[PDB]
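Colleague: let me give you the complex in parts, starting here:
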Amino acid sequence: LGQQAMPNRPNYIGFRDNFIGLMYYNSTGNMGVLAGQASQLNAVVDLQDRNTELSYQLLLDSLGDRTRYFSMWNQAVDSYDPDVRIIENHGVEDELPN
Amino acid sequence: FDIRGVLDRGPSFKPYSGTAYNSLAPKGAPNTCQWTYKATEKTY
Amino acid sequence: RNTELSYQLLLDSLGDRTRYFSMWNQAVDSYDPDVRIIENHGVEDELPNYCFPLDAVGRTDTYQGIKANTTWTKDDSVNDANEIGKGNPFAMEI
């Protein structure tokens, strides 16, 4: 009768910022192709020590305001609550009994 | 690339803190309920 | 013609409508975005929260002091009616 329950931990699940991970980049056996239809030389030449996903993160930040969200590209930057990362413990205003 | 598909986020997906069910109940309180016990078998 | 609307749109093009200016009652109608679109992320209620009696015990029984002679006898250096609770403090939960 005295068993106690606690809520399960929250776990949000979505696609990543800017849909990172969905398209293969910088991954040798899965290179994208953009070629002239006849003479199909691939104009895309990618390398494993290039980092296209991070390059795009940084480009977006240089071009505009990353605190703004744009649903079309899942453009919604990963963030954290600053008052969770660094605890500022100024106590509580509990002077009055309740 | 315009992508459509079916996603299952699976049984670990929980987009909220707390419960949807009897959230105001003290956390060790039972439902109104019964049990049997034998030290003849009886219902309590 | 619509002069009142024209001025609203004009004001927004010239400056920052989130600022207030009492002289012209310039304080734009708005709403709480969290009221218009409910974001229900639940509540952080993992820890139970308790109400306690003012004295932090609640119901007590009355006890006398006793000392071992094992036989036990009344200890006359001790009050014979001390209020002590057994177990945890009475509590309610919210």
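Modeller: Thanks, I have it. Residues are numbered from 1 along each chain as shown, chains lettered A, B, ... in the order given.

Colleague: what are the buried residues along stretch A:56-65?
Modeller: Across stretch A:56-65, burial judged by 16 or more other C-beta atoms under 10 Å in any protein chain shown covers residue A:60. For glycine as for every other residue, the C-beta is placed from the backbone atoms N, C-alpha and C.

Colleague: what residues does chain A put near chain C?
Modeller: A:4, A:6-7, A:10 (C-beta under 8 Å from any C-beta of the partner chain).

Colleague: if we use 7 Å, what do you get?
Modeller: Contacts of chain A with chain C, taken as C-beta under 7 Å from any C-beta of the partner chain, map to A:6-7.

Colleague: tell me the phi and psi of the residue nearest in space to the middle of chain A?
Modeller: Centroid-nearest residue in chain A, with C-alpha atoms, centre = their mean: residue A:17, separated by 3.3 Å. Phi and psi for residue A:17, reported as degrees, to the nearest 10, are phi -40, psi 130.

Colleague: in this structure it contacts residue A:78, no?
Modeller: Yes. Using C-beta atoms under 7 Å, residue A:17 is in contact with residue A:78, at 5.7 Å.

Colleague: coming back round to it: which ones are touching the residue nearest to the centre of chain A?
Modeller: Listed by C-beta atoms under 7 Å, 6 or more residues apart in numbering or on different chains, the contact set of residue A:17 reads A:74-78.

Colleague: just to check, residue C:94 is in contact with residue C:48?
Modeller: No. In this structure, residue C:94 is not within contact of residue C:48 by C-beta under 7 Å, at 8.8 Å.

Colleague: how about the residue of chain C found nearest chain A: what's its closest non-neighbour residue?
Modeller: Chain A sits closest to residue C:46 of chain C, with a gap of 5.5 Å, by C-beta to the nearest C-beta. Counting by C-beta to C-beta, 6 or more residues apart in numbering or on different chains, residue C:46 lies nearest to residue A:6, which is 5.5 Å off, once chain neighbours are set aside.

Colleague: okay, chain D goes in next:
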Amino acid sequence: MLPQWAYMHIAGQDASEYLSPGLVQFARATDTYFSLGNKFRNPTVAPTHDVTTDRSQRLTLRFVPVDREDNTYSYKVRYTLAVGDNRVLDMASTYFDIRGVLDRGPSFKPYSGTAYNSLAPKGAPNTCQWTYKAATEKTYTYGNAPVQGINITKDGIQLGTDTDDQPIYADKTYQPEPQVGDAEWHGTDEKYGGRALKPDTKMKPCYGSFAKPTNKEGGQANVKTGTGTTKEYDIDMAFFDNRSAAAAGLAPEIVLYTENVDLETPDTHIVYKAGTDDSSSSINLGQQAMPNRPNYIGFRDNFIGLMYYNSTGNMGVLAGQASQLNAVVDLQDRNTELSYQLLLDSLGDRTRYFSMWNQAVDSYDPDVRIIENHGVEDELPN
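Modeller: Next up, chain D placed on what we already have:
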């Protein structure tokens, strides 16, 4: 590599120069409705001559004082600030780097509320005792005993059992522990133990109460002096049976492990007690505690006040080592600290903080300065 760098627009012309003139005119005429700018690299190329020395040379110098005066009210340092041959120094890059020892003192309290038993009702006592003589002097007790025992005998509360099947009694120096209790809200009569404060430890509300531990198992009993190699504590068991129990059948229902401890209230004060009396007593069981007012203490915004300015007998000096004519001429009439506050505001955003100069402007909560009372959304009972 240079023909390559030109070809890849790593160096060489910008696009308005290397693109065909017809294309540049075309782009310029159409840019506001179809933009071509981002499709053509425009290299930027650092200069390689006459900017930076190739010689061995320090970026940052540290000067230690060549003389100093440590007085009652002030501290004076003298440096030989050296600008070497073929260098210039912007004084904006200079500063005084100060190390020392600060005591903010006993009125510093960088928080609201208490660190100690903050959830305790503010007039609730600790489990404790007092004496009273109406006359023979008796010991009285109030509180609760939360640790359930297998039994209680003259050796105290039995907390467990051996592999030899013999009782294990509480070790009085730390058991029973006040933080332990029945684990659920939910047939016979049960025996219990707990700690209690002795009469000589003057009552304080539970809320705010701290006593340092005197052993690594968290017990707080005062350690007895002149004991030699044996550590002894001020702890005595007190046994109790129901006031209504038959005299011929007395046996302990409750045992309290009573102790004196170094009880303090580092961050709360008494906001109600019935009289001037301080002692443990029946009436003092209901004293009420309130947390001390917060009082942040730091150096000032932009370290105002640390350096003397506009202050006749403590004027700063910058003088050529040839002359001695001081280039600093200051006036009691001038306001250097405020001038600097206003200058900072005109240069940048004073809501941003910069630790290096303690640049963190004084502000207040606008909802405290000007009370906006829209009441409360208390429509649902709770």
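
Colleague: what does chain C have sitting close to chain D?
Modeller: Applying C-beta under 7 Å from any C-beta, we find that chain C lies next to chain D at C:52-57, C:61-68, C:70, C:72-74, C:77-89.

Colleague: quick check: the gap between residue A:33 and residue A:42.
Modeller: Between residue A:33 and residue A:42 the distance is 5 Å, computed by C-beta to C-beta, to the nearest Å.

Colleague: and the two? which has more neighbours close in?
Modeller: Per other C-beta atoms under 10 Å in any protein chain shown, whichever of residue A:33 and residue A:42 has more neighbours is residue A:42, with 12 against 8.

Colleague: dig out what the more buried one forms beta bridges with.
Modeller: Per DSSP bridges, the residues bridged to residue A:42 are residue A:35.

Colleague: pretty sure it sits against residue A:36.
Modeller: No. The criterion here is C-beta under 7 Å, and residue A:42 misses it with residue A:36 at 9.8 Å.

Colleague: give the buried residues for stretch A:89-98.
Modeller: Quick answer for stretch A:89-98 (16+ other C-beta under 10 Å): A:91, A:94.

Colleague: contacts for it, please.
Modeller: Residues contacting stretch A:89-98 (C-beta under 7 Å, 6+ apart): D:111-113, D:118, D:122, D:290-291.

Colleague: check the residues you listed against chain A and report the nearest one.
Modeller: Of all these, chain A sits closest to residue D:111, with 3.2 Å by C-beta to the nearest C-beta.

Colleague: do you know how far that closest one is from chain C?
Modeller: 20 Å (C-beta to the nearest C-beta, to the nearest Å).

Colleague: also put chain E in, sequence below:
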Amino acid sequence: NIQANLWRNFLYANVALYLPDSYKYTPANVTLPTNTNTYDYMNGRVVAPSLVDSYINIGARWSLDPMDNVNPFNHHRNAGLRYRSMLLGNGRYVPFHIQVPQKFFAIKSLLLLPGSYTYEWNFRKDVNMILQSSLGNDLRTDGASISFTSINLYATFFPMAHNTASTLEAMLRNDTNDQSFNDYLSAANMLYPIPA
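Modeller: Placing chain E onto the earlier chains gives this:
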């Protein structure tokens, strides 16, 4: 003490529960998976609230030493991830429809001239790569999956006057007018192991 309770619930939900697993325990009478990357493991391990209590470094602004090295973006208060979760909905079963941009530097901003081009791309199905969770559990083991029903390419064209468009194309086919692009990060990227 209402204020003290709000503070303690906050610290517990947002900090104590995200402490490294070495700060936690399994009650006897509790059986958890041996797979430590699993939600039931991360949900079942118990954290003593007094590890981050309302008196934690009281009066300080201070991140906890063990938390400095805990990924702070794996958290239910990551507002970007929370928004991305909620864009899809609140249930585990989601028919989705999304638009995914081209990020490869060489073609992402290219002005492409008249002609027919083969354009092919590959898309991942691995839920640990394409999905993100706030706890960071192994979504393969924890039963998430995805199916692609269709992927179409959309392309938008400025309705350019045909003569003006002929002029533009003519200019852009001259090698003098070759387009060029630098990867923004513009780096050779290297990873080196650091043993525990």
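
Colleague: so, the buried residues of stretch A:89-98 revisited with chain E in the model?
Modeller: A:89-92, A:94.

Colleague: same question for stretch C:61-79.
Modeller: Neighbour counts over stretch C:61-79 (16+ other C-beta under 10 Å) mark C:63-68, C:72, C:75, C:78-79 as buried.

Colleague: pull the most distant pair out of those residues.
Modeller: C:68 and C:79 (18.7 Å; C-beta to C-beta).

Colleague: dump the buried residues of stretch A:89-98 to JSON lines, plus distance to residue E:123.
Modeller: What follows is those, written out as JSON lines (distance: C-beta to C-beta, whole Å):
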{"residue": "A:89", "distance to residue E:123": "47"}
{"residue": "A:90", "distance to residue E:123": "49"}
{"residue": "A:91", "distance to residue E:123": "52"}
{"residue": "A:92", "distance to residue E:123": "50"}
{"residue": "A:94", "distance to residue E:123": "55"}
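
Colleague: give me the residue from chain E nearest chain C.
Modeller: Taking C-beta to the nearest C-beta, chain E has residue E:13 as its residue nearest chain C, at 3.8 Å.

Colleague: now the phi/psi pair for that residue, please.
Modeller: When read as degrees, to the nearest 10, the backbone of residue E:13 gives phi -60, psi -40.

Colleague: show the contacting residues for it.
Modeller: The neighbours of residue E:13, taking C-beta under 7 Å, 6+ apart as the test, are B:17, C:44, C:46.

Colleague: could you redo the last one with a cut-off of 10 Å?
Modeller: Residues counted as contacts of residue E:13 (C-beta atoms under 10 Å, 6 or more residues apart in numbering or on different chains) are A:7, A:9-10, A:84, B:17-18, C:43-47, E:76-77.
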